[PDB]
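Reading through the structure tokens given below for one structure.
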Amino acid sequence: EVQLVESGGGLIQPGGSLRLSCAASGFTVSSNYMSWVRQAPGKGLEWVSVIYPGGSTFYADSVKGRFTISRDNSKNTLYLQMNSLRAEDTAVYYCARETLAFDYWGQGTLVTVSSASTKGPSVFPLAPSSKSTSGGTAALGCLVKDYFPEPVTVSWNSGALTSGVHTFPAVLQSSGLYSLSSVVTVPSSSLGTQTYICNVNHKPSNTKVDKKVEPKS
Amino acid sequence: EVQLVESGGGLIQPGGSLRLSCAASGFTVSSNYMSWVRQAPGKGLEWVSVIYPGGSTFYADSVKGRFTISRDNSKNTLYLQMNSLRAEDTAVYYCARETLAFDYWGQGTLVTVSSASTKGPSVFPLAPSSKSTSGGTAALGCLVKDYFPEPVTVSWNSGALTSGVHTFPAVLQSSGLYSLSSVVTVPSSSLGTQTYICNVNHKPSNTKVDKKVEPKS
Amino acid sequence: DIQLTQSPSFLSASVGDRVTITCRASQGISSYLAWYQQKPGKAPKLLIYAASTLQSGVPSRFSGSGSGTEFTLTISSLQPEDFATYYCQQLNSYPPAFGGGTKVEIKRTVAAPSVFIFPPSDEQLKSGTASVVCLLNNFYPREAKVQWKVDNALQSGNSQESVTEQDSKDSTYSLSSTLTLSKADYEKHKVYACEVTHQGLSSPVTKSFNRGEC
Amino acid sequence: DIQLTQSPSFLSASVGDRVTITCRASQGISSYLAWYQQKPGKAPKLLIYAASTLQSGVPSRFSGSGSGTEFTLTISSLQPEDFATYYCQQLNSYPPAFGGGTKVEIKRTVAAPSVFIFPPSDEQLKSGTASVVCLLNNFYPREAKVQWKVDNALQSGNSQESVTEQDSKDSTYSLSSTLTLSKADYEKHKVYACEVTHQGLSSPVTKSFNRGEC
């Protein structure tokens, strides 16, 4: 029925600001209790703000002031204009339609680091090899490293292969940049035979690169 | 005599803003009726604002309010500070010195899209070939594709060749980015003989690349 | 009530002739307006003053005819170099109304296109996409048809064209059609062909290449 | 005074069984809260209404048991596909308190990993750094050990691991360890080895390559 989608997340420094748009895909945001739910990664949730069908605010404890919610019924959009982020909110933001309980609440991210790198990948193909080969199957993958802007994605063959494709959690190095590697197993009879191209997309930047993985020379 | 030049156009989103400077190259902007003329692409013109030699405003109909004109006589500059652009003005802006009629009015652009890509070219050389060759002449060119910031230019040999050089209107793809290709014919005896380097410059960004076009391998 | 001026646009003629363009005025205006020459991709230039007293720095080919309403411009003895639109205005009053603009074409005769097909550059196939350009050079009748064929299958819905303004020297047009494919789909077929139909061709011309043949 | 709800987290079970999770309420609350299912890297979904009246669009495996305080959820007859955390809330009151979350593991049995070692790509050695990846594919006991050895020297403090969420199909884990060296230091040794220890292996498995041998 109702499929709330949100947009507006990115990266900024303290004293910054940012408008978030809970785009009410779905109906009647004019007459519903709406709210913002926040969670830092590795942590439990937390509640931020709420609008009444009639207009009231009641902000949370720590984000009392410095933080503004509103709606637009004719556009079916909720608007969250924040500013002066203590950078201590670096969190994953959710907007949910409270219907006597909650439920129906999309997703959307944000990070408020005191820097900017915004660079993108460093992609290498990890070739299928006999040291990875065992009997009927052999594994190959793509290593995408050294990027700051956390949300990054790597698909296999434009989203074709869903068998054996496993992207591992990104790792945060001492350099301050993330890195990850996604690997997929495929029958050892099919080392080079078919197409295995990893599609790397970096959404905070605009990086899009396809890398083919082939057995070692 | 009088050679009005203007500067300040670019790209921005709604609620944005922008100062435009009709730089009065030429004399006496202190005592002349000046005005802003606007046209959307593919459309007829439209009138925006006007200053009197003595100071008065009289803005247009739809841009009533939210839009400010002024002059500076000692600097010989007209100043147009706008803000809160409904993005529905995405247009090509002109400033003209009304002298009992009009005339004497330079040019200058602007776009107010609700996004930003700002990326720049993707240049390839389209080689001269026998499939393009016919008798005494053969054609070669440069394909510059996938850019948002509309004003882009490609010259041939730093502006040397003016014969046969024809840049075709940019095309707007479904992806939302523009693309174009500029081609020039040159005697078929001169396939690789002389220099044919396309100079690609992207002014909203700062991209400048020279690409040589040579017959196919 | 604002004035709404009108114009019978889309003219077509030959050189050295007489052509005449009128401008309606849907209210009682006096006799003070002005005509402009708008070459494509440029700034306007006013020709006719606030009636017919043509402003200086212009040749003797324009003859503005003024009245109470129904103003009218006339070009006699054309010259190949007036490829642009002509507008009306209305001085005096602050917020002024503008016209609708009349583009004017220039007849020629018969001149077929030079055709040329360009395969995608090796750099682009790395990126993962293939543009296949086909060029039609110089040509009067712009009513040209570009049929792409891939392995003899007529291709519909993956091409884009654009066309140049009528050339100020030889009064011709030039056209560029771009066929866009993925690298994957490009590598699935062999012959890429571009078949051009035009009045100066007795039967259509096809320029073609074979993917992967130096 | 705000309520502080608590939960006995870190559950572990097998399929088709009964498991039961309670939620403390460190103040006198009435009987109106709610449970949520938080699959990893996703949005929550509420299961239990403001007590036990389970919200629609859910199977018959959850049985919320409500009271004045000490609320309790119970899953009977598990199914491999509930890899996520379960929270408490507290409707009615504006600023509401949330729980602490209980991750729930899914026992399996015994399944050794497929191991695979990847040398650094030639592109990266240009850049001046060498990543050496070692992959452990599918495996129940996650308590696996990855020992890197360079020329038979156990390597400490230049590796990083990460592990996937328990697989919703076969309930296994997968692990990737990355060893990071400079180009200079990489070029100083020959054998790169990755020795994996695991309960499904009778003795550890080493996958290894020799730098510079096609």
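Each chain in the structure tokens gets a letter, A, B, ..., in the order shown, and its residues are numbered from 1; ligands are numbered from 1 in order too.
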
Compute the set of chain B residues within 9 Å of chain C, using only C-alpha atoms, and express it as an MDAnalysis selection string. chainID B and resid 43:50 58:61 94 100:107 122:134 138:140 143 166:173 180:183 185 216:217

Using only C-alpha atoms, tabulate the residues of chain A lying at most 12 Å from any atom of chain B, each with its closest atom pair and that distance in Å to one decimal, by chain and increasing residue number, as CSV.
residue,atom,partner,partner_atom,distance
A:8,CA,B:115,CA,11.7
A:204,CA,B:117,CA,11.7
A:205,CA,B:117,CA,10.1
A:206,CA,B:117,CA,8.6
A:207,CA,B:119,CA,11.1

Assign secondary structure with DSSP using the backbone only, and return the residues of region 59-159 of chain B in strand (DSSP E) as number ranges by chain. B: 67-72, 77-83, 92-98, 108-109, 123-126, 137-147, 152-156

CA of residue 187 (chain B) to CA of residue 164 (chain B), distance in Å rounded to a single decimal: 10.5 Å

For region 77-92 of chain A, please output as a ChimeraX atom specification all residues within 9 Å (counting only C-alpha atoms; exclusion window: fewer than 6 positions along the same chain). /A:12-25,29,34,36-41,66-71,107-114

Please identify the alpha helix (DSSP H) residues within chain D (assignment by DSSP from backbone atoms) and present them as a list in words.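 Across chain D, those assigned alpha helix (DSSP H) are residues 122, 123, 124, 125, 126, 127, 183, 184, 185 and 186 of chain D.
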